[PDB]
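Residue-level structure breakdown
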Amino acid sequence: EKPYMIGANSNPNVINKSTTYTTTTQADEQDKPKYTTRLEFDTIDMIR
Amino acid sequence: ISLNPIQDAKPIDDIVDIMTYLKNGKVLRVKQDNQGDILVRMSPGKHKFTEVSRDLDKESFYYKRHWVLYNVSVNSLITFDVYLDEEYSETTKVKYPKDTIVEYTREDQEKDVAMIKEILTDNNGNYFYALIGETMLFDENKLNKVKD
Amino acid sequence: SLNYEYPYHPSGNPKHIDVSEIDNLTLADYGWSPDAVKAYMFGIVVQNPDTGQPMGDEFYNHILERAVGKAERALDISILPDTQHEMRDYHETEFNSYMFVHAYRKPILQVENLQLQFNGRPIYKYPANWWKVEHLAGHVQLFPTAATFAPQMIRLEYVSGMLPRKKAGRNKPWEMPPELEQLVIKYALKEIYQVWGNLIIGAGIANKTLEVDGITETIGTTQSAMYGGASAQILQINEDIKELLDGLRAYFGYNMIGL
Amino acid sequence: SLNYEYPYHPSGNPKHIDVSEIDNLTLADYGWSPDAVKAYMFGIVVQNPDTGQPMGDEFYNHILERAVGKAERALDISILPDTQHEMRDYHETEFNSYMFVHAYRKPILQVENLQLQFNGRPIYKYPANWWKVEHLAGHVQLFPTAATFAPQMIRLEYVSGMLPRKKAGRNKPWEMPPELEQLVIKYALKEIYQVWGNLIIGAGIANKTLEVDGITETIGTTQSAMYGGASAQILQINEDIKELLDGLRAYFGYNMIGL
Amino acid sequence: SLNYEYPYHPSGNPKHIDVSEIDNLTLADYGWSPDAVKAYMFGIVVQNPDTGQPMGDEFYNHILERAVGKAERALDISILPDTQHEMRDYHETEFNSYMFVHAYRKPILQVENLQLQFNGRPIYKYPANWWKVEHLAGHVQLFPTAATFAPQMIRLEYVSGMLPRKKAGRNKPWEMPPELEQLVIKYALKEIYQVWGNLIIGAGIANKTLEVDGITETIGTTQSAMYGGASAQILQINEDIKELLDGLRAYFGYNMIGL
Amino acid sequence: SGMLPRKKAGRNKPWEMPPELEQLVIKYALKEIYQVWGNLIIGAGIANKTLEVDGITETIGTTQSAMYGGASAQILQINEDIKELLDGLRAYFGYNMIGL
């Protein structure tokens, strides 16, 4: 009903942000994949 | 003139209940410290196995969640805090959740420490906090969280 | 003697569809299923790059409903079966021409009612046998047997659409030609390729090569600063449509109105 | 005899919507949710590179609200349901022509009042049965039964807009075509791609190669000095809109006015 | 009988704004805030390269005030609410045409005074009910009830501007359309991008590569000898404006003056 | 309405399908096929590639390009053949006329 307007900002300031270090752990995980094209030789042509 | 209290997502601490939900087929949601936040499900039908997905949203008619087999580990469940999908959501990402201990400024210009026991938000989205030893509710800007 | 439902006369305006069946007829009857679109993309799969989610069938149905509509305007047609409630004005020249009428929509499968009204009230109703129809052109004419203009003098109710074709490689004028079935498919692929074109590699990437410990992987793609990844197929699709659409127009011909 | 709300005559000007429900209808009812835009961008997500924070639906709705206005001006149309209070002038030639009137905004869903006034005092209010409307063309004409011009002699009140489509792949003249749903969405994508193109990699970057300790990477992006990263999609969107808009302009036709 | 402030008659020239509120209405009411501009540049930040100073909001307000003015001349409009003191000449042909008058500015929200003067002194004052207005076109006409030309025969005072629109996706003729809100935003981004384009890397730099002890960093940018860094976005912005501006012109139409 | 299948080789009656329509329709089908077949020759959206592992290397440059598709060459030839075939065949039937 009412018009959509951007409004004001909301993000507060942050100072002295520390970097993130990956934690060591013996537990299992899942490696997040990327699905895309794949490169391969033409082994049939190599035989020729 | 405010919205009713909003509940925090309870991490499931005991393995037995988690497996019990999993056997029933209720979806779990696991956060991995290193890689990502994932859902876990035991396969429907008689062909039983564990499945994992990264389609982190409610199953909308236009958002079909996709599953792939994965050999989930027991230790992964134990070490990583896990949630039930029906609770963990964007509906509440409160800065200080329930049971959090905070330092709050009192009327006598003394900073006392208290725990958050109830949470509700006004229509404008500001979170009202109930604190132990105090009657009224407190605002986020007034509070301070002491870490360690 | 002759046996028929009173509104429908086999001569002139033979029945073609039951009114009840209008709701039942849908996209699948005309072959506009998501399977048809995917078949035209044989070997190709649309999928999220970061997760293994494929796009759902509803998206294809969502696209297909618009593609027919776009074709429904590219050619001034009513293609799906539907019932119309039409009021038309009186004009002297057309009225004397056996009461010539040109429907807003076309084709006309069959006409249900035809009445003359006055003060908003119907006052006359012609015999069913009198009036005859021209399905493809949408003309309706009256053939009676044994100021100059007014607004909304008459009421017309008729069914507009095209039947799902019964036999292969043929179609009656009131029956869907194969081209329209293909044209809607082609329109949809234009939208699918747009979405798919951004998924082949990353985002806005043209040239890439890695090198690790003497191992190197290199790729160059159709994505370019001036052309999109799927622009080539889009270009071919447009080429097919231009020939197809123009050829289909001759089946219907140009419009005309007197003045 | 006939039963009807007095302003709404089923013949001529049948009621289509209630006045109260106008406030209820919004964009989401027509399908313009942020989900639809995101669906057209399946497999693509926009994020602020300095954060892990995407943009909210507030921005999308703001785009969509402006976008529907853009199509609302590409065609001389009013699309959302709204009430209108129009004062129109008296011209002799059209007055004799059954009081022909062409409304400022179209389509006309229904007419509530039609009165002739001199100085705020209604000189004559016509019977409900007399007047008729042409929804799509917006023409209003009168059918009475038993200087050359002046300003603001008559007073008109009516409702302007289109209803959300009820049945799949079908639409009435008083009903929003599916095409406007796609056209507005396409306009929104134009604004989004302008934003999304800048954020794909850094800012103002076209080519880069980095090599450290035997591991190297090289990338060539769609970004270029002469074209932007998203320019490809904008070009395609512009192509689709041109066909979509020009074809859709046939559904409404050219605008004419005498002199 | 009727109740109203004497200058304002609900028929013809209904009141739309309180004179006192004219000062209060400002840019933020129309959404022209710096936040709006930054949102259209989501993910992008303007900043000094040698120090961490961002450009202030006042600069955006400084730009926005000019952008509306440029749009205020691109279309011969008075957009912000303001009060006008207008003297107009007498001409025989227009005077006999119900005292037709074409305002210098448009639209006309409401007319306050209308008088005929002689020797610089007012001598007559028409009844309020007599005169009627055409808001969008800016025409003012007199409708009396029960040499050939002279200079500044009459005085006119009226309010010109556009109200901040009350409801989404709709606007009255005396109410601001969404397009104008967006057009001013687009004008501003043209100036912002110009300033920002010189900040991405150094000054007038196109190609760079370093090499240190086998470590090399290489960058190629949109900056070129013939095109600027932001020229691509500027080009797209101009493309959007040309379609938008031309479409908005039809809402107002061409000017005309007799002779 | 229609045409009969041709009975004798290299001969046809006016009521008999000419061999040309057999070729024209086949050529139209090839246009649809090549659109599909062009995409599947190597991957999808790939134009150039080179791969090198442990001293063995391969490099390929395909017909696929940003401006033209892989099968565009065949489509161009088919379009050329159809244009000659159709325009010449239109002489066998001639223009359409109607009075007024």
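Reading the values: the criteria
- Residues numbered from 1 in each chain as written, not as in the entry; some residues may be left out.
- Chains lettered and ligands numbered in written order.
- Part of a larger assembly, values for the part shown.
- Heavy atoms only, no water.
- Contact = heavy atoms within 4.5 Å.
- Buried area = accessible area lost by both parts, 1.4 Å probe.
- Salt bridge = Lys/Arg side-chain N within 4 Å of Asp/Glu carboxyl O.
- Polar contact = N/O pair within 3.5 Å; in protein donor to acceptor, adjacent residues only side chain to side chain.
- Core = buried A, V, L, I, M, F, W, Y, C linked by side-chain atoms within 4.5 Å.
- Buried < 20%, exposed > 50% of the residue type's maximum accessible area, 1.4 Å probe, protein only.
- UniProt positions renumbered as here; feature names shortened; annotations may be inferred.
- Helix = DSSP H or I, 4+ residues; strand = E, 2+ residues; numbered from the N terminus.
- Axes fitted to C-alpha atoms, helices over the stretch in contact; angles between N-to-C directions.
- Parallel < 35°, antiparallel > 145°, perpendicular 65-115°, else oblique.
- Left-handed = near helix turned anticlockwise from the far one by under 90°.
- Patch = residues over 30% accessible without salt bridge, like charges linked within 9 Å, V, L, I, M, F, W, Y side chains within 5 Å.
- Areas by Shrake-Rupley, 256 points an atom, 1.4 Å probe, with all protein chains shown as cover.
- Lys, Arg positive; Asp, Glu negative; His and termini not counted.
- Charge placed at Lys NZ, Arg CZ, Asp CG, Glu CD.
- Nonpolar A, V, L, I, M, F, W, Y, C, P; charged D, E, K, R; others polar.

Method-wise, the PDB entry is recorded as coming from cryo-EM, at a reported resolution of 4.28 Å.

The title line of the PDB record says "Neck-tail junction of phage 812 virion (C6)".

A common way to state how big an interface is: give the accessible area lost once the parts meet. The interface is formed by six residues belonging to chain F together with six residues belonging to chain A. With both chains or domains summed, chain F and chain A bury close to 620 Å², and 72% of this area falls on carbon and sulfur atoms. The tally of links between chain F and chain A comes to zero salt bridges. Where chain F meets chain A, there are two residue pairs in polar contact.

With 136 residues, the main nonpolar core has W32 and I79 of chain C, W32 of chain D together with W32 of chain E as its most contacted residues. In this structure, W32 of chain E is in contact with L27, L64, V68, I79, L80, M176, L180, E181, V184 and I185 of chain E, ignoring residues within four places of it in sequence. Within the second largest apolar cluster, 20 residues are counted, among which are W130, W131, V140 and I154 of chain D.

Turning next to the arrangement of the chains. A comparison of contact numbers over the nine pairs of chains in contact places chains D and E at the top. Between chain B and chain D there is no contact; the minimum C-alpha to C-alpha separation amounts to 8 Å. There is a clear gap between chain B and chain F: no contact, and 23 Å between their nearest C-alpha atoms.

Residue and element names in this part refer to chain C. Here the UniProt feature "binding site: Zn(2+)" (unreviewed entry) sits at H102. When you line up the elements, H102 lands in strand β2 (residues 101-102). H102 gets classed as partly exposed once you look at its relative accessible area, which sits at 23%. Aside from chain neighbours lying at most four places away, what touches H102 is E86, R88, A137, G138 and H139.

Once that is clear, we can look at the packing of helix α3 (residues 57-74) of chain C against helix α5 (residues 178-197) of chain C. Residue and element names in this part refer to chain C. The interhelical angle for the contact between α3 and α5, taken along N-to-C directions, is 125°, at an axis separation of 8 Å. Here α3 lies oblique to α5, going by the angle between them. Crossing geometry of α3 relative to α5 is assigned as right-handed. Contacts from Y60, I63, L64, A67, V68, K70, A71 and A74 in α3 reach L183, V184, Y187, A188, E191 and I192 in α5.

Right, let's talk about a positive patch on the surface for a bit. Residues and elements named next belong to chain C. On the surface, a cluster of positive charge is made up of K166, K167, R170 and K172. As for its position among the elements, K166 is in the loop between β7 (149-160) and α5. Judged by relative accessible area, which is 74%, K166 ranks as exposed.

Here the focus is the interface of chain E and chain D. Between chain E and chain D, the residue contacts involve 57 residues of the former and 61 residues of the latter. Taking both partners together, chain E and chain D bury about 4,900 Å²; carbon and sulfur atoms supply 53% of that area. Three residues stand out in chain E for area buried against chain D, namely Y40, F42 and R170 of chain E, and they jointly supply 14% of the buried area on that side. Summed over the shared surface of chain E and chain D, the number is seven salt bridges. Seen at the junction of chain E and chain D, the total is 20 residue pairs in polar contact. Elements that contribute at least two residues to the side of chain E that touches chain D include exactly α2 (34-40), β5 (131-133), α5 (178-197), β9 (215-221) and α6 (231-252) of chain E. Counting residues per element, the side of chain E that touches chain D draws most heavily on α6 of chain E, which supplies 11 residues. Grouping the amino acids of the side of chain E that touches chain D by side-chain chemistry returns 22 nonpolar, 22 polar and 13 charged.

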